[PDB]
Amino acid sequence: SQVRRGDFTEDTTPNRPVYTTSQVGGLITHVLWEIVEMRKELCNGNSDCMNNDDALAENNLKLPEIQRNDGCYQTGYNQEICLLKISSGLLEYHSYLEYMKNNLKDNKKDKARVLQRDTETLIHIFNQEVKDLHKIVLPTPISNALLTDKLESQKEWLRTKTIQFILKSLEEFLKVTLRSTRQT
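See below:
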């Protein structure tokens with residue numbers, strides 16, 4: 007429920023897991039661009055599809071979305087313990103892309119693999135940093151079960167919905183999370 011900028015979307019790829027601000031940055035921008043293209047690709051790369059259901063879906067998603075603030079506090083030490091509940095989001099999104107990745111086309115699979123890898127990378131670095139700095143705990147992903155559970159379907163064009171939803175949310179949550187941690 008709030009328009010957000012897009013900023014650059016290209017910056018080549020990294021060279022190795024340095025676990026530095028540069029490594030994470032490049033991995034975020036790369037994975038972000040790939041996800042976006044892969045998302046719209048489902049609609050034959052139709053710019054219309056990208057902004058087709060982007061009028062109500064933005065405010066009708068079952069998954070969580072960031073929308074608190076762009077900072078903790080300059081002074082006063084009010085409402086301590088800021089920035090959290092990120093492992094769950096990244097966990098679900100990762101399980102979604104990786105889940106559908108197994109059942110995809112040649113191209114979709116090729117790109118899907120890279121998407122998952124990047125996600126796990128940023129998740130490992132972020133989780134590690136927050137793990138060393140502070141604590142953290144998480145139960146376990148259950149959405150996977152529901153998805154795999156299916157509900158009357160085989161090879162129809164209805165899955166494009168659920169997939170498009172999880173994809174849109176994932177990407178959005180990614181860019182947002184980055185901007186939040188970047189404070190710029």
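Numbered by PDB author numbering, the letters in the sequence shown go through residues 7 to 190 in order.
The C-beta atom is built at its ideal place from N, Cα and C for all residues, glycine as well.
Legend entry - Reference residue 196, options 139, 7, 158, closest by Cα: One cannot answer for residue 196 here, as it falls past the ends of the chain, which runs 7 to 190.
Taking 7 Å as the limit between beta carbons, can you name the residues of its chain near residue 110, skipping five residues before and five after?
Only 118 meet the Cβ criterion.
### Query
Does the distance from the C-beta atom of residue 61 to that of residue 171 stay below 8 Å?
No.
**Prompt:** Cβ of residue 127 within 8 Å of Cβ of residue 100?
**Reply:** Taking 8 Å as the Cβ cut-off, residue 127 and residue 100 do not qualify as a contacting pair.
Exercise for the section: Could you tell me whether the region 24-42 touches the region 150-164, using the rule of 3 or more Cβ pairs below 8 Å? Expected result: Touching, no, given that fewer than three Cβ pairs across the two stretches are closer than 8 Å.
Which term fits residue 122, buried or exposed, when burial requires 16 or more other beta carbons within 10 angstroms of its beta carbon?
With 16 or more other Cβ atoms within 10 Å, it is buried.
Report the CB separation of residue 48 from residue 169 in whole angstroms; it is logged as a contact under 8 Å. Between residue 48 and residue 169 a beta carbon distance of about 7 Å is seen, short of the 8 Å cut, so the two are scored as contacting.
Please state the DSSP three-state secondary structure of residue 28. Helix.
**Message:** Are the CB atoms of residue 69 and residue 98 within a distance shorter than 8 Å?
**Reply:** Contact flag set, yes.
- Message: Output needed for residue 129: all residues of its chain with C-beta closer than 6 Å, excluding positions within five of it in sequence on either side, in chain order.
- Response: Within the same chain, and ignoring the five residues on either side of residue 129 in sequence, the residues whose Cβ sits closer than 6 Å to its Cβ are 96.
- Query: In terms of alpha-carbon separation, which member of 27, 150, 181 lies closest to residue 135?
  - Reply: Per the Cα distances, 27.
* To do: With a 10 Å radius around its C-beta and 16 neighbouring C-beta atoms as the bar for buried, classify residue 41 as buried or exposed.
  => Within 10 angstroms of the beta-carbon of residue 41 lie 16 or more other beta-carbons, which makes it buried.
Note to self: If you measure between the beta carbons of residue 182 and residue 72, is that distance less than 8 Å?
What the structure shows: Result yes, Cβ atoms of residue 182 and residue 72 sit closer than 8 Å.
task = Buried or exposed for residue 46, please, with buried defined as at least 16 other CB atoms from any protein chain shown within 10 angstroms of its CB.
result = Residue 46 comes out buried.
*How would you label residue 175, buried or exposed, when you count the other beta carbons within 10 angstroms and need 16 or more for buried?*
Answer is buried; the Cβ neighbour count reaches 16.
task = Tell me whether the beta-carbon of residue 131 lies closer than 8 Å to the beta-carbon of residue 25.
result = Cβ distance < 8 Å, so residue 131 and residue 25 count as in contact.
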